[PDB]
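Notes to accompany the following structure.
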Amino acid sequence: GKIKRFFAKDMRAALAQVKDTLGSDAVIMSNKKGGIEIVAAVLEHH
Amino acid sequence: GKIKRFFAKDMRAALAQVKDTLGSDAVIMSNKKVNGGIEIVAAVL
């Protein structure tokens, strides 16, 4: 489990970064956007 | 860097306190569900 700011994709495509790095099960935070910014978080199960 | 323990009634608010203190990039060590809410142990370098 980790929390990452990822990258300023400037596009919702940044979600791909989140998936390729964090995975398919993730919690996205602060997607408040020159580019865009999004901090997401995966948890370690149980 | 450091390692800190966090509590919140919900997982969202616990993730928020981890962000407001450790920052946008951190390592989640623990997400155990404790009586009264959730405990998250996180670390940042």
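Residues are named by chain letter and number: chains run A, B, ... in the order of the structure tokens, numbers start at 1 in each chain, and ligands are numbered from 1 in the order shown.
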Contacts of residue 13 in chain B at 12 Å or less, counting only C-alpha atoms, minus same-chain residues fewer than 5 places along, as a PDB file with C-alpha atoms, in the first residue's frame?
ATOM      1  CA  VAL A  27      -8.555   5.251  -3.933  1.00  0.00           C
ATOM      2  CA  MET A  29      -7.638  11.781  -3.864  1.00  0.00           C
TER       3      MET A  29
ATOM      4  CA  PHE B   6      -2.990   7.449  12.356  1.00  0.00           C
ATOM      5  CA  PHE B   7      -6.646   6.998  13.312  1.00  0.00           C
ATOM      6  CA  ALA B   8      -9.916   8.088  11.733  1.00  0.00           C
ATOM      7  CA  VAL B  18      -1.599  10.640   6.347  1.00  0.00           C
ATOM      8  CA  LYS B  19      -1.457  13.058   3.417  1.00  0.00           C
ATOM      9  CA  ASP B  20      -1.751  16.246   5.487  1.00  0.00           C
ATOM     10  CA  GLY B  37     -12.389   3.101  13.468  1.00  0.00           C
ATOM     11  CA  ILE B  38      -9.258   2.383  11.427  1.00  0.00           C
ATOM     12  CA  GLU B  39      -5.536   2.560  12.212  1.00  0.00           C
ATOM     13  CA  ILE B  40      -3.123   3.383   9.383  1.00  0.00           C
TER      14      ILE B  40
END
Surrounding residues of residue 15 in chain B excluding itself and chain neighbours under 3 positions, 12 Å, only C-alpha atoms, as a short mmCIF file (atom, residue, chain, number, x, y, z; two decimals) with N, CA, C and O atoms, in the first residue's frame:
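Written out: selection-v1.cif:
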data_model
loop_
_atom_site.label_atom_id
_atom_site.label_comp_id
_atom_site.auth_asym_id
_atom_site.auth_seq_id
_atom_site.Cartn_x
_atom_site.Cartn_y
_atom_site.Cartn_z
N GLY A 1 0.83 -1.22 0.00
CA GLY A 1 0.00 0.00 0.00
C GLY A 1 0.85 1.25 0.00
O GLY A 1 1.86 1.28 0.73
N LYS A 2 0.47 2.26 -0.80
CA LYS A 2 1.28 3.50 -0.89
C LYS A 2 0.41 4.66 -1.41
O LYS A 2 -0.66 4.38 -1.99
N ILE A 3 0.87 5.90 -1.22
CA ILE A 3 0.15 7.09 -1.75
C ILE A 3 1.12 7.82 -2.68
O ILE A 3 2.26 8.06 -2.25
N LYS A 4 0.69 8.16 -3.90
CA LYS A 4 1.62 8.79 -4.87
C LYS A 4 0.95 9.98 -5.57
O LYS A 4 -0.28 9.91 -5.78
N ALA A 26 -7.90 1.06 -6.34
CA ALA A 26 -7.20 2.22 -5.79
C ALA A 26 -8.22 3.26 -5.33
O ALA A 26 -9.37 3.26 -5.76
N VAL A 27 -7.76 4.14 -4.45
CA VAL A 27 -8.56 5.25 -3.93
C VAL A 27 -7.91 6.53 -4.43
O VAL A 27 -6.75 6.82 -4.09
N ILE A 28 -8.64 7.30 -5.22
CA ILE A 28 -8.09 8.53 -5.78
C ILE A 28 -8.44 9.70 -4.88
O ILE A 28 -9.54 9.76 -4.31
N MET A 29 -7.50 10.62 -4.72
CA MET A 29 -7.64 11.78 -3.86
C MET A 29 -7.17 13.01 -4.63
O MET A 29 -6.34 12.91 -5.54
N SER A 30 -7.72 14.17 -4.27
CA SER A 30 -7.24 15.46 -4.77
C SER A 30 -6.93 15.47 -6.27
O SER A 30 -5.77 15.65 -6.67
N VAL A 39 -3.47 12.50 -6.53
CA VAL A 39 -2.86 11.61 -5.56
C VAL A 39 -3.81 10.45 -5.31
O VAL A 39 -5.00 10.65 -5.04
N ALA A 40 -3.30 9.24 -5.46
CA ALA A 40 -4.11 8.05 -5.22
C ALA A 40 -3.42 7.17 -4.20
O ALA A 40 -2.28 7.42 -3.78
N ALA A 41 -4.13 6.12 -3.78
CA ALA A 41 -3.65 5.26 -2.72
C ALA A 41 -4.20 3.86 -2.92
O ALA A 41 -5.41 3.69 -3.12
N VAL A 42 -3.32 2.88 -2.88
CA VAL A 42 -3.73 1.49 -2.73
C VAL A 42 -3.45 1.07 -1.30
O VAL A 42 -2.54 1.59 -0.64
N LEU A 43 -4.25 0.13 -0.82
CA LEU A 43 -4.08 -0.43 0.50
C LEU A 43 -3.58 -1.86 0.36
O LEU A 43 -3.77 -2.52 -0.67
N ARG B 5 1.64 6.72 13.17
CA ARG B 5 0.39 6.00 13.34
C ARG B 5 -0.77 6.99 13.23
O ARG B 5 -0.68 8.12 13.72
N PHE B 6 -1.86 6.57 12.59
CA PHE B 6 -2.99 7.45 12.36
C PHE B 6 -4.30 6.72 12.64
O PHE B 6 -4.40 5.50 12.47
N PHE B 7 -5.29 7.49 13.08
CA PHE B 7 -6.65 7.00 13.31
C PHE B 7 -7.67 7.93 12.68
O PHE B 7 -7.48 9.15 12.64
N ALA B 8 -8.76 7.34 12.19
CA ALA B 8 -9.92 8.09 11.73
C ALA B 8 -11.08 7.12 11.68
O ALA B 8 -10.89 5.91 11.50
N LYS B 9 -12.29 7.66 11.84
CA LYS B 9 -13.48 6.81 11.86
C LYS B 9 -13.69 6.11 10.52
O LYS B 9 -14.25 5.01 10.48
N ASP B 10 -13.24 6.72 9.42
CA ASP B 10 -13.35 6.12 8.10
C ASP B 10 -11.98 6.04 7.45
O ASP B 10 -11.03 6.72 7.86
N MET B 11 -11.88 5.19 6.43
CA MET B 11 -10.61 5.02 5.73
C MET B 11 -10.22 6.28 4.96
O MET B 11 -9.04 6.62 4.88
N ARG B 12 -11.21 6.98 4.40
CA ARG B 12 -10.93 8.21 3.66
C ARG B 12 -10.27 9.25 4.55
O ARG B 12 -9.25 9.84 4.19
N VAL B 18 -2.91 11.09 6.81
CA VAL B 18 -1.60 10.64 6.35
C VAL B 18 -1.04 11.60 5.31
O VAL B 18 0.16 11.89 5.28
N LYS B 19 -1.91 12.12 4.44
CA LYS B 19 -1.46 13.06 3.42
C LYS B 19 -1.11 14.41 4.03
O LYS B 19 -0.07 15.00 3.70
N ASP B 20 -1.97 14.92 4.91
CA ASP B 20 -1.75 16.25 5.49
C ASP B 20 -0.49 16.31 6.34
O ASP B 20 0.05 17.41 6.53
N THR B 21 -0.01 15.18 6.84
CA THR B 21 1.18 15.14 7.69
C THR B 21 2.41 14.66 6.93
O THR B 21 3.42 15.36 6.86
N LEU B 22 2.34 13.46 6.34
CA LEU B 22 3.50 12.90 5.67
C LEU B 22 3.70 13.47 4.27
O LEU B 22 4.85 13.62 3.82
N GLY B 23 2.63 13.79 3.57
CA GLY B 23 2.71 14.38 2.25
C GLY B 23 1.97 13.54 1.22
O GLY B 23 1.26 12.59 1.54
N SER B 24 2.16 13.92 -0.05
CA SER B 24 1.48 13.25 -1.15
C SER B 24 2.10 11.91 -1.50
O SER B 24 1.42 11.08 -2.12
N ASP B 25 3.35 11.67 -1.14
CA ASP B 25 4.03 10.41 -1.42
C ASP B 25 4.43 9.76 -0.10
O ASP B 25 5.23 10.33 0.66
N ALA B 26 3.87 8.59 0.18
CA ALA B 26 4.15 7.87 1.42
C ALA B 26 3.90 6.39 1.20
O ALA B 26 3.30 5.98 0.20
N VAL B 27 4.38 5.58 2.15
CA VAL B 27 4.24 4.13 2.11
C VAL B 27 3.25 3.72 3.18
O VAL B 27 3.46 4.00 4.37
N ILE B 28 2.17 3.06 2.77
CA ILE B 28 1.17 2.55 3.70
C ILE B 28 1.65 1.20 4.22
O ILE B 28 1.74 0.23 3.46
N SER B 30 0.19 -0.31 7.14
CA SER B 30 -0.86 -1.00 7.87
C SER B 30 -2.18 -0.28 7.64
O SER B 30 -2.22 0.94 7.50
N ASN B 31 -3.25 -1.07 7.58
CA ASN B 31 -4.60 -0.53 7.47
C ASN B 31 -5.57 -1.30 8.35
O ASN B 31 -6.74 -1.47 8.00
N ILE B 38 -10.31 3.00 12.23
CA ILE B 38 -9.26 2.38 11.43
C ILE B 38 -7.92 2.98 11.83
O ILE B 38 -7.81 4.19 12.05
N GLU B 39 -6.90 2.13 11.94
CA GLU B 39 -5.54 2.56 12.21
C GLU B 39 -4.69 2.36 10.97
O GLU B 39 -4.63 1.26 10.42
N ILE B 40 -4.02 3.43 10.53
CA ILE B 40 -3.12 3.38 9.38
C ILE B 40 -1.73 3.75 9.86
O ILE B 40 -1.52 4.84 10.41
N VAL B 41 -0.77 2.86 9.64
CA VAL B 41 0.63 3.12 9.90
C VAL B 41 1.30 3.41 8.57
O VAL B 41 1.29 2.57 7.66
N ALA B 42 1.88 4.60 8.44
CA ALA B 42 2.49 5.02 7.19
C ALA B 42 3.89 5.56 7.44
O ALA B 42 4.23 5.95 8.56
#
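Every protein or nucleic acid residue with an atom no more than 9 Å from residue 1 in chain B, counting only C-alpha atoms and leaving out same-chain residues fewer than 4 positions away, appears here: residues 22, 43, 44 and 45 of chain B.
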Would you output that residue set with N, CA and C atoms, as a JSON list (two decimals), in the first residue's frame?
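Contents of again36.json, as written:
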[["chain", "number", "residue", "atom", "x", "y", "z"],
["B", 22, "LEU", "N", 2.34, 13.46, 6.34],
["B", 22, "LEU", "CA", 3.50, 12.90, 5.67],
["B", 22, "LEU", "C", 3.70, 13.47, 4.27],
["B", 43, "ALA", "N", 4.69, 5.57, 6.38],
["B", 43, "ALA", "CA", 6.08, 5.99, 6.46],
["B", 43, "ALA", "C", 6.43, 6.83, 5.24],
["B", 44, "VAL", "N", 7.31, 7.80, 5.44],
["B", 44, "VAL", "CA", 7.86, 8.63, 4.37],
["B", 44, "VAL", "C", 9.35, 8.78, 4.60],
["B", 45, "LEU", "N", 10.12, 8.79, 3.51],
["B", 45, "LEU", "CA", 11.58, 8.87, 3.60],
["B", 45, "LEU", "C", 12.05, 10.30, 3.81]]
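The space separating CA of residue 20 in chain A from CA of residue 7 in chain A comes to 12.3 Å.
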field: Test item, helix (DSSP H, G or I) assignment across chain A, answer as a ChimeraX atom specification
entry: /A:14-21
